[PDB]
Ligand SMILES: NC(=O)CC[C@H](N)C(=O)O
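Okay, so here's just one chain, in structure tokens, the form solved without this ligand.
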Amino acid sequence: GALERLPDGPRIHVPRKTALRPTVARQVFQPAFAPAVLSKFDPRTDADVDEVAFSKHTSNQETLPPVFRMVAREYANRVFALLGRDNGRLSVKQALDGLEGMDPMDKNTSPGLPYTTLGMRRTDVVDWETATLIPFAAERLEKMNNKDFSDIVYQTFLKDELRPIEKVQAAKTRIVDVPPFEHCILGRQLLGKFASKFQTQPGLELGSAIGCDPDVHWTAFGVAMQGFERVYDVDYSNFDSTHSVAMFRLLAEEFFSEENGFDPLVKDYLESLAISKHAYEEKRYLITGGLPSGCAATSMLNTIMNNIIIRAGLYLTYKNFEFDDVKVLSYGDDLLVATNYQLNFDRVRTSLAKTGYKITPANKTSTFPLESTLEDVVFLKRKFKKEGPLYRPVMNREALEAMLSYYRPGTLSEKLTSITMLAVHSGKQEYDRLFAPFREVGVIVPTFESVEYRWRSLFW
């Protein structure tokens, strides 16, 4: 919300061409999916793609009910009881290299402004051997340590990905925010130690599936939610942008506080997310509210906020409602509710509507179901297929067909390799049907049994 126009600057090029090209499988499956609109003169839509992105951002809620603060500090207590309150600042070496059981910072990812305009990459700006930033990047990180984030400008552009036909026709393309490399480093310095612990322990207790692996953790999520009477599937509409600056304050004061073992600068970092400066062609603008994308912390933040928001909605809707009545499992905005009680999310939607957040009974078409179970719900575009004592992540047939129908030139084999591990859970007949078009034109792919056997190897 709250889009404030600033004086224009040098033109930072938003990409306006898709890298996605159709495979031999597109004509066979014919999915209701196409590359997202990136240009104003894209003939597939009447709309202006820049208008549709900028037409949003009306206004986030200035205030926020007291219940949000209570449930935030209550959720914090449970999180820090498990993980502990030793979430201190990591060094630049530890941020780049990552801790034990934590991936290092990706070298291929964009370094942000002004390095993208100058034509540099992440490995140009820093030395990963010695963790030595160049003098320009060193003083920018130094200024941020002195409570000054005025130099930080997010490189903003449209997301080159597949979208449903309705979104292509309406020019509703997702927005990619790329912060500077120093801002991305500092983020991992301030939140990395906590993240490493938060990532390694997904489940119902922590209320998160962040850092999970569907092949393995689906049995853990499945068996944990098996005993419960009902399981509800709830999705949010524009979850990222609906986060008010008040929600960022709550996280800084109640969750990521100095009492819970965090660096004093965490407050200032969270304010950079709350009030961010962006660049888009010659346009410069300031968005008050909403969580910018980019860097590894975005999913963790949304997950933490999701546990607070959904419970706050229940507290407002249902009186004498307890915290442990509902057990939550969520990956960012993708929310899953496990409980023995019967809950009506039609009344929760109306409650949360006043607070700014919008929920929908996904997928379907409106009207939340009162009765729902583990087999009904969809999480990360996967269902819970019980097979003996295990649970298999069965990905959607329409999703699988769409992923195979398009590709980026150069990395086809790498893509096909990763889709076999997804498609294996559908079954041999479906596996072969999905890859049949590729085999027809002389492209070898591993046998169903080879990849089936490999999945079972994880359990031995």
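The first residue of the shown sequence is 1; numbering continues from there.
Note that the form deposited with this ligand bound isn't included here; everything after this is about it.
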Clash check, this ligand transplanted in the bound PDB entry by site C-alpha superposition, 2.4 Å backbone/C-beta: blocked
The single option of 80, 236, 149, 221 touching this ligand in the bound PDB entry, heavy atom within 4.5 Å: 236
Selected contact from 344, 116, 226, 241, since only one has a non-hydrogen atom within 4.5 angstroms of this ligand in the bound PDB entry: 241
4.5 Å heavy atom contact, residue 160 to this ligand in the bound PDB entry: no
Residue 263: touches this ligand in the bound PDB entry, heavy atom cutoff 4.5 angstroms: no
Proximity of residue 111 to this ligand in the bound PDB entry, heavy atoms at 4.5 Å: no
Contact flag, residue 254 vs this ligand in the bound PDB entry, heavy atom cut 4.5 Å: no
Segment that reaches this ligand in the bound PDB entry - one of 194-202, 211-219, 323-331, 288-296, heavy atoms within 4.5 Å: 288-296
